[PDB]
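Student: The file below is run_38.pdb, PDB, C-alpha atoms (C1' of nucleotides):
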ATOM      1  CA  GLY S 324       8.584  35.787  29.194  1.00  0.00           C
ATOM      2  CA  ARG S 325       9.129  34.203  25.714  1.00  0.00           C
ATOM      3  CA  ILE S 326       6.346  33.421  23.151  1.00  0.00           C
ATOM      4  CA  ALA S 327       4.619  30.012  22.514  1.00  0.00           C
ATOM      5  CA  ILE S 328       3.873  27.881  19.351  1.00  0.00           C
ATOM      6  CA  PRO S 329       0.094  27.984  18.437  1.00  0.00           C
ATOM      7  CA  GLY S 330       0.645  25.382  15.614  1.00  0.00           C
ATOM      8  CA  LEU S 331       1.610  22.718  18.266  1.00  0.00           C
ATOM      9  CA  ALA S 332      -2.153  21.787  18.412  1.00  0.00           C
ATOM     10  CA  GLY S 333      -1.828  20.340  14.799  1.00  0.00           C
ATOM     11  CA  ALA S 334      -3.258  16.761  15.060  1.00  0.00           C
ATOM     12  CA  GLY S 335      -5.556  14.610  12.802  1.00  0.00           C
ATOM     13  CA  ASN S 336      -3.476  15.934   9.893  1.00  0.00           C
ATOM     14  CA  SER S 337      -4.255  13.109   7.301  1.00  0.00           C
ATOM     15  CA  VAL S 338      -0.553  13.323   6.218  1.00  0.00           C
ATOM     16  CA  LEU S 339       2.134  10.949   7.618  1.00  0.00           C
ATOM     17  CA  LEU S 340       5.765  11.747   8.399  1.00  0.00           C
ATOM     18  CA  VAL S 341       7.312   8.638   6.721  1.00  0.00           C
ATOM     19  CA  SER S 342      10.930   8.312   7.794  1.00  0.00           C
ATOM     20  CA  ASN S 343      13.979   5.969   8.261  1.00  0.00           C
ATOM     21  CA  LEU S 344      13.112   3.998   5.029  1.00  0.00           C
ATOM     22  CA  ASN S 345      15.659   2.914   2.342  1.00  0.00           C
ATOM     23  CA  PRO S 346      14.732   5.053  -0.780  1.00  0.00           C
ATOM     24  CA  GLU S 347      17.389   2.930  -2.624  1.00  0.00           C
ATOM     25  CA  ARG S 348      14.975  -0.103  -2.281  1.00  0.00           C
ATOM     26  CA  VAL S 349      11.331   1.140  -1.676  1.00  0.00           C
ATOM     27  CA  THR S 350       9.392   2.843  -4.523  1.00  0.00           C
ATOM     28  CA  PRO S 351       6.323   5.175  -4.556  1.00  0.00           C
ATOM     29  CA  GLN S 352       4.500   2.041  -5.920  1.00  0.00           C
ATOM     30  CA  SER S 353       5.566  -0.199  -2.934  1.00  0.00           C
ATOM     31  CA  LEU S 354       4.463   2.539  -0.524  1.00  0.00           C
ATOM     32  CA  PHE S 355       1.217   2.951  -2.595  1.00  0.00           C
ATOM     33  CA  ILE S 356       0.397  -0.822  -2.412  1.00  0.00           C
ATOM     34  CA  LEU S 357       0.922  -0.902   1.407  1.00  0.00           C
ATOM     35  CA  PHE S 358      -0.518   2.501   2.523  1.00  0.00           C
ATOM     36  CA  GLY S 359      -3.225   2.083  -0.225  1.00  0.00           C
ATOM     37  CA  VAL S 360      -4.554  -1.221   1.261  1.00  0.00           C
ATOM     38  CA  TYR S 361      -4.602   0.370   4.731  1.00  0.00           C
ATOM     39  CA  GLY S 362      -5.854   3.909   4.028  1.00  0.00           C
ATOM     40  CA  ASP S 363      -5.262   5.291   0.463  1.00  0.00           C
ATOM     41  CA  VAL S 364      -2.402   7.700  -0.438  1.00  0.00           C
ATOM     42  CA  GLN S 365      -3.612  10.816  -2.307  1.00  0.00           C
ATOM     43  CA  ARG S 366       0.099  11.874  -2.634  1.00  0.00           C
ATOM     44  CA  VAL S 367       3.618  10.523  -1.917  1.00  0.00           C
ATOM     45  CA  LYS S 368       6.297  13.258  -1.524  1.00  0.00           C
ATOM     46  CA  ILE S 369       9.882  11.875  -1.231  1.00  0.00           C
ATOM     47  CA  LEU S 370      12.362  14.693  -0.436  1.00  0.00           C
ATOM     48  CA  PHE S 371      15.600  13.592  -2.216  1.00  0.00           C
ATOM     49  CA  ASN S 372      17.751  10.439  -2.696  1.00  0.00           C
ATOM     50  CA  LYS S 373      19.639  10.644   0.714  1.00  0.00           C
ATOM     51  CA  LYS S 374      17.151  12.488   3.017  1.00  0.00           C
ATOM     52  CA  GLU S 375      15.854   8.887   3.795  1.00  0.00           C
ATOM     53  CA  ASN S 376      12.405  10.571   4.104  1.00  0.00           C
ATOM     54  CA  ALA S 377       8.906  11.077   2.699  1.00  0.00           C
ATOM     55  CA  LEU S 378       5.722  13.014   3.549  1.00  0.00           C
ATOM     56  CA  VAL S 379       2.627  11.043   2.626  1.00  0.00           C
ATOM     57  CA  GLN S 380      -0.923  12.443   2.169  1.00  0.00           C
ATOM     58  CA  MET S 381      -3.725   9.904   2.946  1.00  0.00           C
ATOM     59  CA  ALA S 382      -7.571   9.915   2.684  1.00  0.00           C
ATOM     60  CA  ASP S 383      -8.233  10.705   6.435  1.00  0.00           C
ATOM     61  CA  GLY S 384      -6.509  10.948   9.898  1.00  0.00           C
ATOM     62  CA  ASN S 385      -8.140   7.658  11.130  1.00  0.00           C
ATOM     63  CA  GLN S 386      -6.936   5.836   7.940  1.00  0.00           C
ATOM     64  CA  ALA S 387      -3.447   7.380   8.486  1.00  0.00           C
ATOM     65  CA  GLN S 388      -3.678   5.995  12.100  1.00  0.00           C
ATOM     66  CA  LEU S 389      -4.373   2.434  10.797  1.00  0.00           C
ATOM     67  CA  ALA S 390      -1.567   2.676   8.170  1.00  0.00           C
ATOM     68  CA  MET S 391       0.802   3.851  10.988  1.00  0.00           C
ATOM     69  CA  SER S 392      -0.442   0.979  13.262  1.00  0.00           C
ATOM     70  CA  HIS S 393       0.594  -1.656  10.634  1.00  0.00           C
ATOM     71  CA  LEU S 394       3.711   0.140   9.142  1.00  0.00           C
ATOM     72  CA  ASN S 395       5.537   1.971  12.018  1.00  0.00           C
ATOM     73  CA  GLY S 396       8.599  -0.373  12.364  1.00  0.00           C
ATOM     74  CA  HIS S 397       7.840  -2.448   9.191  1.00  0.00           C
ATOM     75  CA  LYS S 398      10.374  -5.064   7.889  1.00  0.00           C
ATOM     76  CA  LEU S 399      10.894  -4.520   4.119  1.00  0.00           C
ATOM     77  CA  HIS S 400      14.036  -4.732   1.872  1.00  0.00           C
ATOM     78  CA  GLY S 401      16.575  -3.676   4.641  1.00  0.00           C
ATOM     79  CA  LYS S 402      15.766  -0.786   7.079  1.00  0.00           C
ATOM     80  CA  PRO S 403      12.840  -0.674   9.604  1.00  0.00           C
ATOM     81  CA  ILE S 404      10.377   2.119   8.583  1.00  0.00           C
ATOM     82  CA  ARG S 405       9.546   4.951  11.123  1.00  0.00           C
ATOM     83  CA  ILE S 406       6.230   6.963  11.058  1.00  0.00           C
ATOM     84  CA  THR S 407       4.405   9.750  12.918  1.00  0.00           C
ATOM     85  CA  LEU S 408       1.107  11.777  12.570  1.00  0.00           C
ATOM     86  CA  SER S 409       3.011  14.701  10.902  1.00  0.00           C
ATOM     87  CA  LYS S 410       2.476  18.527  11.163  1.00  0.00           C
ATOM     88  CA  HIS S 411       1.526  19.339   7.480  1.00  0.00           C
ATOM     89  CA  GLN S 412      -1.788  18.881   5.511  1.00  0.00           C
ATOM     90  CA  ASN S 413      -1.161  19.004   1.677  1.00  0.00           C
ATOM     91  CA  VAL S 414       1.691  18.827  -0.918  1.00  0.00           C
ATOM     92  CA  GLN S 415       2.099  21.410  -3.688  1.00  0.00           C
ATOM     93  CA  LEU S 416       2.643  19.148  -6.797  1.00  0.00           C
ATOM     94  CA  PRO S 417       5.729  20.493  -8.812  1.00  0.00           C
ATOM     95  CA  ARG S 418       4.655  20.577 -12.534  1.00  0.00           C
ATOM     96  CA  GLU S 419       2.376  18.973 -15.211  1.00  0.00           C
ATOM     97  CA  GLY S 420       4.966  16.211 -16.066  1.00  0.00           C
ATOM     98  CA  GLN S 421       8.262  16.964 -14.182  1.00  0.00           C
ATOM     99  CA  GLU S 422       9.572  15.599 -10.789  1.00  0.00           C
ATOM    100  CA  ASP S 423       6.018  14.437  -9.847  1.00  0.00           C
ATOM    101  CA  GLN S 424       7.350  11.468 -11.940  1.00  0.00           C
ATOM    102  CA  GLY S 425       8.930   9.947  -8.747  1.00  0.00           C
ATOM    103  CA  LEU S 426       9.310  12.540  -5.895  1.00  0.00           C
ATOM    104  CA  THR S 427       5.713  13.961  -5.659  1.00  0.00           C
ATOM    105  CA  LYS S 428       3.548  11.059  -6.985  1.00  0.00           C
ATOM    106  CA  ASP S 429      -0.066  12.195  -7.580  1.00  0.00           C
ATOM    107  CA  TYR S 430      -2.541   9.443  -6.589  1.00  0.00           C
ATOM    108  CA  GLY S 431      -5.471  11.980  -6.338  1.00  0.00           C
ATOM    109  CA  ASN S 432      -6.676  10.234  -9.551  1.00  0.00           C
ATOM    110  CA  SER S 433      -5.064   6.749  -9.080  1.00  0.00           C
ATOM    111  CA  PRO S 434      -5.216   4.207 -11.984  1.00  0.00           C
ATOM    112  CA  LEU S 435      -6.382   1.332  -9.636  1.00  0.00           C
ATOM    113  CA  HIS S 436      -6.943   2.294  -5.898  1.00  0.00           C
ATOM    114  CA  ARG S 437      -9.334   4.460  -3.802  1.00  0.00           C
ATOM    115  CA  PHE S 438     -11.057   4.659  -0.368  1.00  0.00           C
ATOM    116  CA  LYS S 439     -13.990   6.679   1.145  1.00  0.00           C
ATOM    117  CA  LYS S 440     -15.186   7.543   4.726  1.00  0.00           C
ATOM    118  CA  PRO S 441     -15.600   4.602   7.247  1.00  0.00           C
ATOM    119  CA  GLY S 442     -18.642   2.242   7.031  1.00  0.00           C
ATOM    120  CA  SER S 443     -18.219   1.871   3.206  1.00  0.00           C
ATOM    121  CA  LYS S 444     -17.826  -1.620   1.578  1.00  0.00           C
ATOM    122  CA  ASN S 445     -14.243  -0.476   0.677  1.00  0.00           C
ATOM    123  CA  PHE S 446     -13.036  -1.438   4.242  1.00  0.00           C
ATOM    124  CA  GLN S 447     -14.525  -5.012   4.256  1.00  0.00           C
ATOM    125  CA  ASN S 448     -11.243  -6.819   3.250  1.00  0.00           C
ATOM    126  CA  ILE S 449      -8.581  -4.947   5.372  1.00  0.00           C
ATOM    127  CA  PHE S 450      -6.832  -7.634   7.537  1.00  0.00           C
ATOM    128  CA  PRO S 451      -3.672  -7.396   9.763  1.00  0.00           C
ATOM    129  CA  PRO S 452      -0.404  -8.901   8.336  1.00  0.00           C
ATOM    130  CA  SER S 453      -0.821 -12.705   8.720  1.00  0.00           C
ATOM    131  CA  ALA S 454       0.724 -15.886   7.173  1.00  0.00           C
ATOM    132  CA  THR S 455      -2.655 -16.510   5.333  1.00  0.00           C
ATOM    133  CA  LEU S 456      -3.788 -14.698   2.135  1.00  0.00           C
ATOM    134  CA  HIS S 457      -6.983 -13.962   0.160  1.00  0.00           C
ATOM    135  CA  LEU S 458      -6.496 -13.270  -3.525  1.00  0.00           C
ATOM    136  CA  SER S 459      -8.820 -11.648  -6.073  1.00  0.00           C
ATOM    137  CA  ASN S 460      -9.383 -10.327  -9.654  1.00  0.00           C
ATOM    138  CA  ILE S 461      -7.585 -13.533 -10.878  1.00  0.00           C
ATOM    139  CA  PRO S 462      -8.206 -13.942 -14.690  1.00  0.00           C
ATOM    140  CA  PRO S 463      -8.962 -17.227 -16.612  1.00  0.00           C
ATOM    141  CA  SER S 464      -5.411 -16.684 -18.115  1.00  0.00           C
ATOM    142  CA  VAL S 465      -3.774 -18.463 -15.064  1.00  0.00           C
ATOM    143  CA  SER S 466      -4.252 -21.666 -12.988  1.00  0.00           C
ATOM    144  CA  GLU S 467      -3.211 -23.157  -9.597  1.00  0.00           C
ATOM    145  CA  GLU S 468       0.178 -24.182 -11.086  1.00  0.00           C
ATOM    146  CA  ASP S 469       0.993 -20.564 -12.228  1.00  0.00           C
ATOM    147  CA  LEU S 470      -0.126 -18.897  -8.941  1.00  0.00           C
ATOM    148  CA  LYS S 471       2.277 -21.258  -7.038  1.00  0.00           C
ATOM    149  CA  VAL S 472       5.198 -19.779  -9.099  1.00  0.00           C
ATOM    150  CA  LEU S 473       4.061 -16.206  -8.304  1.00  0.00           C
ATOM    151  CA  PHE S 474       4.097 -16.818  -4.513  1.00  0.00           C
ATOM    152  CA  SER S 475       7.175 -19.188  -4.753  1.00  0.00           C
ATOM    153  CA  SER S 476       9.151 -16.308  -6.436  1.00  0.00           C
ATOM    154  CA  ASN S 477       9.130 -14.573  -2.987  1.00  0.00           C
ATOM    155  CA  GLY S 478      11.245 -17.352  -1.369  1.00  0.00           C
ATOM    156  CA  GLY S 479       8.573 -18.775  -1.129  1.00  0.00           C
ATOM    157  CA  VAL S 480       7.136 -21.605   1.108  1.00  0.00           C
ATOM    158  CA  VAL S 481       3.495 -21.934  -0.100  1.00  0.00           C
ATOM    159  CA  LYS S 482       1.841 -23.709   2.914  1.00  0.00           C
ATOM    160  CA  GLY S 483      -1.615 -23.817   1.428  1.00  0.00           C
ATOM    161  CA  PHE S 484      -3.959 -22.960  -1.415  1.00  0.00           C
ATOM    162  CA  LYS S 485      -7.671 -23.499  -2.268  1.00  0.00           C
ATOM    163  CA  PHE S 486      -9.236 -21.991  -5.437  1.00  0.00           C
ATOM    164  CA  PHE S 487     -12.716 -20.449  -5.090  1.00  0.00           C
ATOM    165  CA  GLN S 488     -15.051 -22.720  -7.130  1.00  0.00           C
ATOM    166  CA  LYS S 489     -18.053 -20.875  -5.490  1.00  0.00           C
ATOM    167  CA  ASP S 490     -17.074 -17.435  -6.966  1.00  0.00           C
ATOM    168  CA  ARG S 491     -14.467 -17.711  -9.812  1.00  0.00           C
ATOM    169  CA  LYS S 492     -12.401 -14.478  -9.427  1.00  0.00           C
ATOM    170  CA  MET S 493     -10.669 -15.730  -6.329  1.00  0.00           C
ATOM    171  CA  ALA S 494      -8.503 -18.025  -4.236  1.00  0.00           C
ATOM    172  CA  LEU S 495      -7.357 -18.647  -0.637  1.00  0.00           C
ATOM    173  CA  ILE S 496      -3.550 -19.156  -0.135  1.00  0.00           C
ATOM    174  CA  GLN S 497      -1.091 -19.522   2.818  1.00  0.00           C
ATOM    175  CA  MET S 498       2.708 -19.089   3.323  1.00  0.00           C
ATOM    176  CA  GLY S 499       5.299 -20.396   5.859  1.00  0.00           C
ATOM    177  CA  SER S 500       5.609 -16.927   7.569  1.00  0.00           C
ATOM    178  CA  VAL S 501       4.058 -13.418   7.936  1.00  0.00           C
ATOM    179  CA  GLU S 502       7.112 -11.770   6.254  1.00  0.00           C
ATOM    180  CA  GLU S 503       6.621 -14.083   3.207  1.00  0.00           C
ATOM    181  CA  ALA S 504       2.892 -13.158   3.080  1.00  0.00           C
ATOM    182  CA  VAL S 505       3.746  -9.384   3.470  1.00  0.00           C
ATOM    183  CA  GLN S 506       6.346  -9.439   0.678  1.00  0.00           C
ATOM    184  CA  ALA S 507       3.960 -11.492  -1.549  1.00  0.00           C
ATOM    185  CA  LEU S 508       1.416  -8.590  -1.170  1.00  0.00           C
ATOM    186  CA  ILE S 509       4.220  -6.023  -1.917  1.00  0.00           C
ATOM    187  CA  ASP S 510       5.266  -8.140  -4.995  1.00  0.00           C
ATOM    188  CA  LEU S 511       2.023  -9.427  -6.587  1.00  0.00           C
ATOM    189  CA  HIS S 512      -0.604  -6.735  -5.832  1.00  0.00           C
ATOM    190  CA  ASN S 513      -1.021  -5.219  -9.330  1.00  0.00           C
ATOM    191  CA  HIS S 514       1.120  -7.862 -11.159  1.00  0.00           C
ATOM    192  CA  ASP S 515      -0.472  -7.110 -14.577  1.00  0.00           C
ATOM    193  CA  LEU S 516      -1.442  -9.695 -17.251  1.00  0.00           C
ATOM    194  CA  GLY S 517      -3.703  -7.062 -18.984  1.00  0.00           C
ATOM    195  CA  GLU S 518      -5.434  -3.636 -18.559  1.00  0.00           C
ATOM    196  CA  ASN S 519      -7.921  -5.021 -15.931  1.00  0.00           C
ATOM    197  CA  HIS S 520      -6.453  -8.577 -15.562  1.00  0.00           C
ATOM    198  CA  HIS S 521      -4.082  -8.240 -12.568  1.00  0.00           C
ATOM    199  CA  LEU S 522      -3.575  -9.832  -9.146  1.00  0.00           C
ATOM    200  CA  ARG S 523      -5.201  -8.224  -6.058  1.00  0.00           C
ATOM    201  CA  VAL S 524      -4.025  -9.255  -2.598  1.00  0.00           C
ATOM    202  CA  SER S 525      -5.183  -9.211   1.042  1.00  0.00           C
ATOM    203  CA  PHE S 526      -4.543 -11.159   4.253  1.00  0.00           C
ATOM    204  CA  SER S 527      -7.299 -13.636   5.276  1.00  0.00           C
ATOM    205  CA  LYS S 528     -10.290 -13.391   7.490  1.00  0.00           C
ATOM    206  CA  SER S 529     -10.186 -17.277   7.612  1.00  0.00           C
ATOM    207  CA  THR S 530      -8.173 -20.552   7.136  1.00  0.00           C
ATOM    208  CA  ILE S 531      -7.714 -23.172   4.338  1.00  0.00           C
TER
ATOM    209  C1'   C T   1     -15.292  -5.309 -20.218  1.00  0.00           C
ATOM    210  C1'   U T   2     -13.158  -3.666 -11.601  1.00  0.00           C
ATOM    211  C1'   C T   3     -12.955  -4.208  -6.728  1.00  0.00           C
ATOM    212  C1'   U T   4     -11.950  -9.137  -1.727  1.00  0.00           C
ATOM    213  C1'   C T   5     -13.046 -14.617   2.173  1.00  0.00           C
ATOM    214  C1'   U T   6     -14.648 -20.753   1.816  1.00  0.00           C
TER
ATOM    215  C1'   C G   1      18.716  10.251  13.286  1.00  0.00           C
ATOM    216  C1'   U G   2      11.464  13.383  12.604  1.00  0.00           C
ATOM    217  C1'   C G   3       8.436  16.068   7.070  1.00  0.00           C
ATOM    218  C1'   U G   4       6.809  20.116   0.794  1.00  0.00           C
ATOM    219  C1'   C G   5      14.729  19.844  -2.724  1.00  0.00           C
ATOM    220  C1'   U G   6       9.314  22.201  -7.963  1.00  0.00           C
TER
END
So that I can check it, write out the structure of this file as structure tokens.

Tutor:
Amino acid sequence: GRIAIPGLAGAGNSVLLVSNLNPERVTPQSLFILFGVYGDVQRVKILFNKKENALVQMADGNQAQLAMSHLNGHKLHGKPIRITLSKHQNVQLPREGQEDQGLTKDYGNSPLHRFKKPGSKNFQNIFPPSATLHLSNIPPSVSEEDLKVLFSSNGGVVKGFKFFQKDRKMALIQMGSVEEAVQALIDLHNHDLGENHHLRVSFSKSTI
RNA sequence: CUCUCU
RNA sequence: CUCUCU
């Protein structure tokens, strides 16, 4: 009789097979915002411009499971994303400053995101995609009237909005749909006014 | 000059 | 049509 495949037992891999995307319209940064709220990309391999495919490396297999749970089938920019638990474990990283520039993005020392093992404070603000938003790291350099233009730029129905007088880094906001709220996260998370002064974006725990 | 719930 | 194109 023929031989078997001993590598077929390869589960809990911490990588994701990320497939069926439109690489014409979704960047390593858009991926990084999404997968990095859910579970923290250490790397983003993209194969080439018409493979329609990527091979993501996340912090842990349970965090990869949660990212998959929110992103397998996701509606962004055109095509529905496809995902599975992969078969790999690491990516090689090409060179010191070549092709890692967009096709093997090193987030192992990210400029602005990280996670740890479960039970850390890092997990406290992960919420499922909802029409209601919770917004943070907001500088004195903007007001209510500016933040309306940010979320209106999405197209764009701002339902609701209350600034946080109690703790002035923050606001609560709401949109007319979940897809508006999702694309407002994809847009405005890390919209930079300065070196630490940028928008930070989650879905809400609670209502306005 | 760093993280996120009213 | 589902994975390392340096």

Student: With a cut-off of 6 Å and counting all atoms listed in the file, select all residues of chain S in contact with chain G and give the selection as a VMD selection string.

Tutor: chain S and resid 340 378 414 417

Student: Once 8 Å is added on each side, what are the centre and the three edge lengths, in Å to one decimal, of the axis-aligned box enclosing the listed atoms of range 396-401 of chain S? Present them as lines of an AutoDock Vina configuration file.

Tutor:
center_x = 12.2
center_y = -2.7
center_z = 7.1
size_x = 24.7
size_y = 20.7
size_z = 26.5

Student: In Å to one decimal, how far is CA of residue 504 in chain S from CA of residue 452 in chain S?

Tutor: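 Result for CA of residue 452 in chain S versus CA of residue 504 in chain S: 7.5 Å, one decimal.
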
Student: What does the distance from CA of residue 531 in chain S to CA of residue 356 in chain S come to in Å, to one decimal?

Tutor: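 Going from CA of residue 531 in chain S over to CA of residue 356 in chain S, I get 24.7 Å.
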
Student: Which residues would end up in the selection if the PyMOL selection byres ((chain S and resi 430) around 7) were applied here, given that I need the answer as a ChimeraX atom specification?

Tutor: /S:364-366,428-429,431-433

Student: CA of residue 446 in chain S to CA of residue 368 in chain S: how many Å, to one decimal?

Tutor: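 Interatomic distance here is 25.0 Å.
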
Student: Check which residues satisfy the PyMOL selection byres ((chain S and resi 514) around 12) in the file shown, then give them as a CSV table (one decimal) with C-alpha atoms, in the coordinates of the input.

Tutor:
chain,number,residue,atom,x,y,z
S,352,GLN,CA,4.5,2.0,-5.9
S,356,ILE,CA,0.4,-0.8,-2.4
S,435,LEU,CA,-6.4,1.3,-9.6
S,459,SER,CA,-8.8,-11.6,-6.1
S,460,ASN,CA,-9.4,-10.3,-9.7
S,461,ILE,CA,-7.6,-13.5,-10.9
S,462,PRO,CA,-8.2,-13.9,-14.7
S,470,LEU,CA,-0.1,-18.9,-8.9
S,473,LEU,CA,4.1,-16.2,-8.3
S,474,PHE,CA,4.1,-16.8,-4.5
S,507,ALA,CA,4.0,-11.5,-1.5
S,508,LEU,CA,1.4,-8.6,-1.2
S,509,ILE,CA,4.2,-6.0,-1.9
S,510,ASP,CA,5.3,-8.1,-5.0
S,511,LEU,CA,2.0,-9.4,-6.6
S,512,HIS,CA,-0.6,-6.7,-5.8
S,513,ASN,CA,-1.0,-5.2,-9.3
S,515,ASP,CA,-0.5,-7.1,-14.6
S,516,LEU,CA,-1.4,-9.7,-17.3
S,517,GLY,CA,-3.7,-7.1,-19.0
S,518,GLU,CA,-5.4,-3.6,-18.6
S,519,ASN,CA,-7.9,-5.0,-15.9
S,520,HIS,CA,-6.5,-8.6,-15.6
S,521,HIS,CA,-4.1,-8.2,-12.6
S,522,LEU,CA,-3.6,-9.8,-9.1
S,523,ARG,CA,-5.2,-8.2,-6.1
S,524,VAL,CA,-4.0,-9.3,-2.6

Student: Leaving out residue 404 in chain S and any residue of its chain fewer than 3 positions from it, which residues lie within 7 Å of it when counting only C-alpha atoms (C1' of nucleotides), given as a PyMOL selection string?

Tutor: chain S and resi 342-344+394-397

Student: Expand the PyMOL selection byres ((chain S and resi 525) around 6) into the explicit residue set it covers here, and present it as number ranges by chain.

Tutor: S: 456-457, 524, 526

Student: Export chain T, N, CA, C and O atoms (P, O5', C5', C4', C3', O3' and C1' of nucleotides), as a PDB file, in the first residue's frame; it's the structure right above.

Tutor:
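Wrote it out as decode30.pdb, contents follow:
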ATOM      1  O5'   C T   1       4.930  60.855  22.516  1.00  0.00           O
ATOM      2  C5'   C T   1       5.977  60.435  23.388  1.00  0.00           C
ATOM      3  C4'   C T   1       6.023  61.236  24.701  1.00  0.00           C
ATOM      4  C3'   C T   1       4.723  61.213  25.505  1.00  0.00           C
ATOM      5  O3'   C T   1       4.524  60.011  26.246  1.00  0.00           O
ATOM      6  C1'   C T   1       5.696  63.398  25.471  1.00  0.00           C
ATOM      7  P     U T   2       3.086  59.639  26.850  1.00  0.00           P
ATOM      8  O5'   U T   2       2.294  58.981  25.610  1.00  0.00           O
ATOM      9  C5'   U T   2       0.869  58.985  25.545  1.00  0.00           C
ATOM     10  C4'   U T   2       0.278  57.599  25.229  1.00  0.00           C
ATOM     11  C3'   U T   2       0.862  56.481  26.118  1.00  0.00           C
ATOM     12  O3'   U T   2      -0.140  55.540  26.483  1.00  0.00           O
ATOM     13  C1'   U T   2       0.959  55.880  23.875  1.00  0.00           C
ATOM     14  P     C T   3      -1.089  55.772  27.739  1.00  0.00           P
ATOM     15  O5'   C T   3      -1.851  54.352  27.828  1.00  0.00           O
ATOM     16  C5'   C T   3      -3.065  54.058  27.144  1.00  0.00           C
ATOM     17  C4'   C T   3      -3.074  54.342  25.626  1.00  0.00           C
ATOM     18  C3'   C T   3      -4.425  53.945  25.004  1.00  0.00           C
ATOM     19  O3'   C T   3      -5.181  55.040  24.509  1.00  0.00           O
ATOM     20  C1'   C T   3      -2.636  52.554  24.187  1.00  0.00           C
ATOM     21  P     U T   4      -6.279  55.746  25.427  1.00  0.00           P
ATOM     22  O5'   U T   4      -7.362  54.568  25.570  1.00  0.00           O
ATOM     23  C5'   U T   4      -8.623  54.826  26.159  1.00  0.00           C
ATOM     24  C4'   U T   4      -9.621  53.661  26.032  1.00  0.00           C
ATOM     25  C3'   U T   4      -9.184  52.330  26.656  1.00  0.00           C
ATOM     26  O3'   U T   4     -10.305  51.651  27.227  1.00  0.00           O
ATOM     27  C1'   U T   4      -9.706  52.025  24.394  1.00  0.00           C
ATOM     28  P     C T   5     -10.969  52.087  28.618  1.00  0.00           P
ATOM     29  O5'   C T   5     -12.535  52.332  28.266  1.00  0.00           O
ATOM     30  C5'   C T   5     -13.123  53.631  28.188  1.00  0.00           C
ATOM     31  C4'   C T   5     -14.671  53.663  28.219  1.00  0.00           C
ATOM     32  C3'   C T   5     -15.315  52.487  28.973  1.00  0.00           C
ATOM     33  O3'   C T   5     -16.286  52.895  29.933  1.00  0.00           O
ATOM     34  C1'   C T   5     -16.108  52.617  26.657  1.00  0.00           C
ATOM     35  P     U T   6     -15.904  53.549  31.338  1.00  0.00           P
ATOM     36  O5'   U T   6     -17.275  54.343  31.620  1.00  0.00           O
ATOM     37  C5'   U T   6     -17.737  55.338  30.719  1.00  0.00           C
ATOM     38  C4'   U T   6     -19.205  55.074  30.335  1.00  0.00           C
ATOM     39  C3'   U T   6     -19.385  54.549  28.901  1.00  0.00           C
ATOM     40  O3'   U T   6     -20.482  53.639  28.839  1.00  0.00           O
ATOM     41  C1'   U T   6     -20.148  56.839  29.145  1.00  0.00           C
TER      42        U T   6
END
